[PDB]
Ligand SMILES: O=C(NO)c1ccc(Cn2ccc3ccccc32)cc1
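One chain comes next, on its own, written as structure tokens: the form deposited without the ligand.
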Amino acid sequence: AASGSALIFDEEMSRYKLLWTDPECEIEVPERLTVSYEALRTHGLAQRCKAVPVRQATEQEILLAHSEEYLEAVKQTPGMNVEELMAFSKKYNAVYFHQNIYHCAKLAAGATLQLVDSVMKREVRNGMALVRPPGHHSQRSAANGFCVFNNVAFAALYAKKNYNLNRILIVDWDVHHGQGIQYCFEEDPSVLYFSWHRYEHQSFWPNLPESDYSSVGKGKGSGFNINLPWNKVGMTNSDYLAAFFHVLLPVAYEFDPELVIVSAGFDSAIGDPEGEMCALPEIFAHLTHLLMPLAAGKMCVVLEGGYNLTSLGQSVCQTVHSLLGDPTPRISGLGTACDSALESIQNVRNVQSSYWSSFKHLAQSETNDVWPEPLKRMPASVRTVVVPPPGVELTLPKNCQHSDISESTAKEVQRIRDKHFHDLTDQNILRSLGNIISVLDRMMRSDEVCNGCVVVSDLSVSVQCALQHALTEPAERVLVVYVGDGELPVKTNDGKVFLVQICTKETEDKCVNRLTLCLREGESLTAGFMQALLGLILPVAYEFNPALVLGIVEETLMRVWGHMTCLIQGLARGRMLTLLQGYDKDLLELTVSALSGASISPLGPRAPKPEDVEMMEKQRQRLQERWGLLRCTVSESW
């Protein structure tokens, strides 16, 4: 299977710039590229990437998305002097030309196609192209908003033509609307376009009525265009994640794309003079991470805008860190989206309810600037520790490792035994508790190991020992994810534990530190679980911000376990301990694979039970006043 991340860059794309006074254009400078690459170099990220070379897009490739007349006109700009280039520039909106920009536009496009080929040929898992000029405003017969040719539109059309793809997701998290991309695929249901963007009730450039939430596509393309307008500035991490959990991800996992292309503008980051948003560079590590289980990880990130040279380098670094699979930074201080964002989210969900099964219950009554430097991210020496039953030998990925109970550890198990399980002498259980403590010590008190999986026999003693040992070390907060019925030795009264329970018996919960999901038996179990995962489990988990995730599966319907294990590593810097009760080689293999950062198989493109949607929305109703990140409507005021 594929490994590594491509980084496609070339100094030549920094060799065009603005040559006359124009306040509308002066922010777009060559240094955006140099500062971004240099930041990757400084943090050792460029050196870990495969440096695929740039090429020129050919004429035929440019004509995938642009007209012969527009290509011919642009092809003449290398022969123009400055007066002539100014006159050519003024025929278009917010864009400038330079004798070398045609050369560079062909490289930006070629670089993007190189990234598509490297990913789709399995030569790398994923990658990023640092290109200039940007593309997403560019249109069939017009340059627009610093864009000459539409790099990301090329990539999707090229991936359709040469790899026969039926479903491509484009995610445009640049702060501007990518109207060139929307127009390109307006009637195309094979390319799903999502964009959030500063809009301010259409007063923000490019001032288009069709940038609003009601443009859902046209014809056979209805429902495959998703606009999320931001109608106030200052959007925060909580706004961006609310957008992902309640709009983008439900649609993306139902769409089930065969390739993800990110139109990655970082002018949506704090400090940018165009976006004026407040999301920290660390959020881009999670936006990347939440999309990586799609399309078996095949993700092509393409640079669009981003204009604060400092916020730019840090956001590029956070994205590449996640592409390489480094642990995600913890996001603190999350809560409800602001009211303006909730209005936008509510409105997009309602108009899209005609097209997507995640939102269909909305359609019926019965159903309805300075900021702190980001901390260092380092891949662990061994990412994943595995402890199968005694004597069982498994073939492990190159970044996993078995685990040799030390003497201090063994003294701890004895101390614990004499106090809390005086009668326990089963030397199998006592082995497992030595394994749990040893794994947790490597995960928490060392940068050596990131996560782990231990196969256990007795659930109660192992869960108690795992949870209690993590709380005292101390881990301020622990998220427990439990698939199974009954009660665990887990107290959820203080603010230190949150328990997600996936069970079979429809119970009642009254604690707002518990999320109990009773999913009805049937063929709809996968869609319902994915719906619960993105719209309930992830929002709460992210707001809780645990220091450790404790997964638990009882021995007594888990083709979703890999997706959860992968997504839930966005919490607690990836520090997850999974206890499997009893041996199941396939479940243990799947768990270790997802924990170790391996690609996860797609689910295939369907609809959940209305009883399940009702059960889930009752949970949202019961929890969202405490956990505001659950909210996907504006709250009623008194």
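Counting begins at 1, following the sequence as shown.
Another form, the form solved in complex with the ligand, is not on view; read the next lines as being about it.
When the ligand is superposed onto this form from its pose in the bound PDB entry, three or more of its atoms come within 2.4 Å of a backbone or C-beta atom, and the site is therefore classed as blocked. By the criterion of a heavy atom within 4.5 Å, residue 145 is counted among the residues contacting the ligand in the bound PDB entry. Using a 4.5 angstroms limit between non-hydrogen atoms, residue 274 touches the ligand in the bound PDB entry. Within this chain, residue 623 is remote from the site of the ligand in the bound PDB entry, having no heavy atom within 4.5 Å. Under a 4.5 angstroms non-hydrogen atom cutoff, the ligand in the bound PDB entry has residue 305 among its neighbouring residues. Annotated contact segment (heavy atom within 4.5 Å of the ligand in the bound PDB entry): 171-179, selected among 470-478, 394-402, 171-179, 325-333. A heavy atom within 4.5 Å of the ligand in the bound PDB entry is found for exactly one of 51, 607, 27, 63: 27.
No residue of the trio 242, 289 and 543 has any heavy atom within 4.5 Å of the ligand in the bound PDB entry. Interface residues of 203-220, taken as those with a heavy atom within 4.5 Å of the ligand in the bound PDB entry (partner not displayed), are limited to 205.
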